[PDB]
Amino acid sequence: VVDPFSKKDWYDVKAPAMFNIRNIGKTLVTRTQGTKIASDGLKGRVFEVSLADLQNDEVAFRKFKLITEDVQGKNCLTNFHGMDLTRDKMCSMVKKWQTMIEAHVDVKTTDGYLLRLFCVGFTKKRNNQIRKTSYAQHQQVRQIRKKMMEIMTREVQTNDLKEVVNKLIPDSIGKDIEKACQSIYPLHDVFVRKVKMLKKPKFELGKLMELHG
Amino acid sequence: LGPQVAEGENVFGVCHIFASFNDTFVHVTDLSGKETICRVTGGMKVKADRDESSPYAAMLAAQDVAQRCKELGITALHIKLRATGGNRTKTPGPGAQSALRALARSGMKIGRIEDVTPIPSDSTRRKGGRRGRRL
Amino acid sequence: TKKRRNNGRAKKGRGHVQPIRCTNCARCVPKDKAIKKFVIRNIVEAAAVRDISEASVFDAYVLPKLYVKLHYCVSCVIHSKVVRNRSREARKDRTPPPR
Amino acid sequence: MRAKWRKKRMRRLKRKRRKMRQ
Amino acid sequence: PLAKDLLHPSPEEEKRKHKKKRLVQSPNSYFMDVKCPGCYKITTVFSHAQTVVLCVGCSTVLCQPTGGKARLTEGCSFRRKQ
Amino acid sequence: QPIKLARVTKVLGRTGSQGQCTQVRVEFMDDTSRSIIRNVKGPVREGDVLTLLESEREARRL
Amino acid sequence: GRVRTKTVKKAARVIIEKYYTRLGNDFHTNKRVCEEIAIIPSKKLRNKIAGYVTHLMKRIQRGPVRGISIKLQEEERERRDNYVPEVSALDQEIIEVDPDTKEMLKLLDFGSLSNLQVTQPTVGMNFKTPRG
RNA sequence: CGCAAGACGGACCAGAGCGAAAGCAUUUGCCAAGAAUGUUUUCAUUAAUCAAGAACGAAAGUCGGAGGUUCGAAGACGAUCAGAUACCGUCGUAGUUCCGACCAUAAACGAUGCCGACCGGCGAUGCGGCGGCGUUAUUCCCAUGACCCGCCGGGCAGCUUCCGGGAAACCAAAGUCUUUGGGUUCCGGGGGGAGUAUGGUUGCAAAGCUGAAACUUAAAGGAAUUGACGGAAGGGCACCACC
């Protein structure tokens, strides 16, 4: 008889300041009753939103998982919880006559966020190459993977979450990896394929609001 | 009381399309996905188990979900469709295209389209035996 | 008598090849032997492109693609007409069909 | 008869022979 | 080609063949004399050297061993003997 | 359900296990943007001007 | 079901190739040339042979038919064959020659020729289709 | 949205590589190996094949101990069926995982022993070496990578040729064979009985190795050809077919 949506309120979740677009969507939460509070069931929510919805002109195949942390003034505050590429984007570059280098690193920012970064790269057929395949030898693969790992470490461990996401928006990490590995073996489609949050520092409203600076 | 949709803006939802080969699930949730708004499957319309996957059941389910979402405020939808995944078939059932098109024809605005099929990294053994289904 | 010089498989210069399961019947077939097809299709069928695009929020979205690699056994390929029997002279032709 | 199943019958027969002269 | 004078072959063809397959086997290697700008005594070096041979009067090396021919270093002038 | 004088420039022929269904590619007169392929019974000759009654739900297959 | 049987085709082609002067776009001419030299004994046959010679004449104004040979078309083709251009195609003032063929000509005691022009060869050395 | 358990390394992944074979695919480090190439090093016949003997040897199976997701012999149901005791579906034990000890078998196959020589061509490809216009990164000539054009040596192969062979299918070896002899190991002698019995031996067991005869039989078999048939595929036709 009584539909539950008559006991439900709508909040306007928001993104941090490093994104051009602030309002990224709404969210439904039931009204507070009993021991249940409207916020504890709202903090643990993750929005998988395309980057093109958070930047005026950027790639649409990059997705950011933003997790709510509190609700101030019926506005849900979100921070960076993950970064991915779309399934079709990843599948559209795994061709069958090149080698794929998959590097990854557990690294920590200067502010205490522990991130696992996954970088993927694909060897590039030269514009004058006749040979069908563009494989790299195992030592070449190892050198490329080591360069990826050290570049990711030097580009995340020297920074904190805000500037790490700022350089993730245009994926400057992938461009740096490509220009470094060009000397070893030319690479074609290099990106930080994924970023996942392993452990993060204690919750603090100060840093949260400082992110929306 | 309800949503705060502006005059020209559209509020968004996320549509999960489980296009198996036994029936089609049309699911709608918040952008997060944590709050389920309304879910109608292909087996909620027809009682022919052969017909649970057929495109007509998907059309009926998608039109029902579009009506319920419109009466609940949501006007635009994000698309996140899946097959059975796992070790089983990695292809949408016969109702994925039909359900998507029925949502589009019901006056909905389609947002982004993504595939959320569970793709293992060579996970556990497939259901079929060594020789497979011999029928 | 030997119907095929390659024994109907690509195994050559090695001893064993990991098997894969048929995508239609779940039969274990060696990876080199299985018939492999790659489908890069549009998520919506060619008919439904117009109605999705006309009801798309963005301007010129450019629709995503389903990428699926299917592995079939011999029997399931013959039943699915992926390949068919060929004459003895034409069995030796490795050229993919012009399509 | 299939050669494998013929061999299986011979082995079962041999098992019965092993049993009877325990 | 049904008539090939194997007694007197082309010099290009014998230079093409393997060191052993030739009419009389000859090595593809040679000995050079390397001169350094600051030293006045010649040092003979094998073309396919297996060791890092050093110059006694200079801090630089004369050649790096490799999989084949040794890697001569710039700043040393080589002149092949014979 | 648009209404227009559809200029037909593409009639391919008949197909179907009852052989009365011709596939007509309805093209709009001065649009040159979209076309619809339909399986319809009856003689719809090449070059005729169809009466536009519906611009979706094309000839269904499978 | 109007495929002309080989009888009709052979008769019509022979008649056209033989007495094309008498044959225009008609039927009684065909029946007359039949009853004169190679008489055909029926009526539907003569009508179909007239129809096929009409069709072959329709196809013969646009060009020579494969199975027929008139003195007129053979004459035109042999005049085209006997065509002698006023200036030879091989009579070029200057001939571009690569350095390698230039060296070859030099080795043949033909390096002193003045009608050659040494042309710079290709900058790169790729000439194969990418394998795949 | 998290936690845990076990499994397995998808796409890249190839008629590609490595290994004696069985077999081998996430990274990184360590350990010992190995082919090939390069060598105007070294020893100097130290070599080849190989009874006895030895090492390794998929899966399943056995024993003992951990683990136990999924799959799944047996089994319990539910369908199909004339009946199914099967195929199909839901479960489900042993097993499927790791360790130790057994076993020593596969269509363990290239159904093709190893060492050596000789006898056509072509295009590729993996590794190493060598030479050489040119493009490209290292923001510098030369190195060196990435390509491009060749050459050499081993390797997995491929196309082509009446080299030649073969019953042919086919094989650049399955050729260099009545023009029969490079070296050497194993092994077959019409089909069944039968890889059975028995003895020996090995094994906890399963079973493994060696292994007959009486008797019975005029054929069994190989390759290819034509036809017929196919609940094989692709086209076409028929109101004695259908709609």
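Letters go in sequence order (proteins before strands), and every chain restarts at 1. Hydrogens, waters and symmetry mates play no part in the numbers below; they use all other heavy atoms, side chains included.
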Just checking: do H:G67 and H:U97 form a pair, Watson-Crick or wobble, with both of the defining distances under 3.5 Å? no
Any chance H:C88 and H:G78 qualify as a Watson-Crick or G-U wobble pair, both distances under 3.5 Å? yes
Centre-to-centre below 5.5 angstrom and planes less than 30 degrees apart, is that true for the six-membered base rings of H:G200 and H:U201? yes
So which nucleotide does H:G150 pair with, by the Watson-Crick or G-U wobble rule with both distances under 3.5 Å? H:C130
Would H:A76 and H:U90 count as a Watson-Crick or G-U wobble pair, both distances under 3.5 angstrom? yes
If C1'-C2'-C3'-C4' is positive it's north, if negative it's south, so which is the sugar of H:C147? north
Would you call H:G230 syn or anti, using the 90° rule around 0? anti
Wobble or Watson-Crick, both distances short of 3.5 angstrom: do H:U225 and H:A33 pair? no
Side chains of E:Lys19 and E:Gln25, donor plus acceptor under 3.5 Å: no
Is H:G57 base-paired with H:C127, counting Watson-Crick or G-U wobble geometry with both distances under 3.5 Å? no
Taking for each residue the nucleotide of RNA chain H bearing the nearest heavy atom, is the 5' side occupied by C:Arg84 or by B:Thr124? B:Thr124
Would H:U39 and H:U40 pass the stacking test, six-membered ring centres less than 5.5 Å apart and planes less than 30 degrees? no
Among residues 92-99 of chain C, which residues get a heavy atom nearer than 4.0 Å to RNA chain H? C:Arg94
Side-chain polar contacts of residues 74-82 of chain E - donor-acceptor pairs under 3.5 angstrom, sequence neighbours left out - could you list them?
| residue | atom | partner | partner atom | Å |
| --- | --- | --- | --- | --- |
| E:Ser77 | OG | E:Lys35 | O | 3.3 |
| E:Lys81 | NZ | E:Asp33 | OD2 | 3.0 |

Show which side-chain atoms of residues 175-200 of chain A pair as donor or acceptor with protein atoms under 3.5 Å away, not counting sequence neighbours.
| residue | atom | partner | partner atom | Å |
| --- | --- | --- | --- | --- |
| A:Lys175 | NZ | A:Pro170 | O | 2.3 |
| A:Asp176 | OD1 | A:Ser172 | OG | 3.4 |
| A:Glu178 | OE2 | A:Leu187 | N | 3.4 |
| A:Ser183 | OG | A:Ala180 | O | 2.8 |
| A:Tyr185 | OH | A:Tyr135 | O | 3.2 |
| A:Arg193 | NH1 | A:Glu102 | OE2 | 3.1 |

Watson-Crick or G-U pairing of H:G134 with H:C147, both H-bond distances under 3.5 Å: yes
If the condition is side-chain hydrogen bond (donor to acceptor under 3.5 Å, both in side chains), which residues does B:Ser123 pass it with, not counting sequence neighbours? none
Searching all strands shown, indicate the nucleotide that pairs with H:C209 (Watson-Crick or G-U wobble; both distances under 3.5 Å). H:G200
Is there stacking between H:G75 and H:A76, using centres under 5.5 angstrom and an angle under 30 degrees? yes
Return all side-chain donor-acceptor pairs below 3.5 angstrom for residues 10-22 of chain D, not counting sequence neighbours, or 'none' if the list is empty.
none

Across all chains, not counting sequence neighbours, the side-chain hydrogen bond (donor to acceptor under 3.5 Å, both in side chains) partners of A:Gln129 are A:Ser134
Please enumerate all residues that pass side chain to side chain contact (heavy atoms under 4.5 Å, CB included) together with C:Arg86, with sequence neighbours excluded. C:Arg91, C:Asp93
For B:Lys80, give me all partners under side-chain hydrogen bond (donor to acceptor under 3.5 Å, both in side chains), at least two apart in sequence or on another chain. B:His16
Would you mind pulling out the nucleotide paired to H:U70, Watson-Crick or G-U wobble, both distances under 3.5 Å? none
Is a side-chain donor-acceptor pair under 3.5 Å present for B:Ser32 with B:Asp30? yes
When you check the glycosidic angle of H:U185, does it come out syn, meaning within 90° of 0, or anti? anti
Restricting to side-chain hydrogen bond (donor to acceptor under 3.5 Å, both in side chains), what partner residues turn up for A:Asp88, sequence neighbours left out? A:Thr86
Should H:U70 be called syn or anti, with syn set as within 90° of 0? anti
Planes under 30° and centres under 5.5 Å for H:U138 and H:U139: no
Assigned glycosidic conformation for H:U28 [threshold 90° from 0]: anti
Looking at H:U80 and its strand neighbour H:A79, I'd like to know if their base rings stack, meaning the ring centres are under 5.5 Å apart and the planes differ by less than 30°. yes
Walk along RNA chain H from 5' to 3' and tell me the first and last nucleotide with an atom closer than 4.0 Å to a non-hydrogen atom of chain D. H:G193 to H:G208
For the sugar ring of H:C177, does the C1'-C2'-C3'-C4' torsion put it in the north or the south range? south
Work out the sugar pucker of H:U40 as north or south, treating a positive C1'-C2'-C3'-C4' as north. south
Tabulate below the donor-acceptor pairs under 3.5 Å that side-chain atoms of residues 18-34 of chain C make, not counting sequence neighbours, or state none.
| residue | atom | partner | partner atom | Å |
| --- | --- | --- | --- | --- |
| C:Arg21 | NH2 | B:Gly128 | O | 2.4 |
| C:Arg21 | NH2 | B:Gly129 | O | 2.4 |
| C:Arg21 | NH2 | C:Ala26 | O | 3.0 |
| C:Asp32 | OD2 | C:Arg9 | NE | 3.0 |
| C:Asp32 | OD2 | C:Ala10 | N | 3.4 |
| C:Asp32 | OD2 | C:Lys11 | N | 2.9 |
| C:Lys33 | NZ | C:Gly8 | O | 3.4 |

H:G95, syn or anti by chi within 90 degrees of zero: anti
Pairwise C1' distance for H:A52 and H:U185, with rounding to whole Å: 15 Å
Whom does H:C229 pair with, Watson-Crick or G-U wobble, provided both distances fall under 3.5 Å? none
Is the cationic atom of A:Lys43 (NZ for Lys, CZ for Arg) positioned less than 6.0 Å from the six-membered ring centroid of A:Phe203 and within 45 degrees of its normal? yes
RNA chain H contacts among residues 1-22 of chain D, heavy-atom distance under 4.0 Å: D:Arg6, D:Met10, D:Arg11, D:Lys14, D:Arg15, D:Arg17, D:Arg18, D:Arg21
Can you tell me the pairing partner of H:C13 across any strand shown, Watson-Crick or G-U wobble, with both distances under 3.5 angstrom? none
Both distances under 3.5 Å and Watson-Crick or G-U wobble geometry: does that hold for H:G189 with H:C141? no
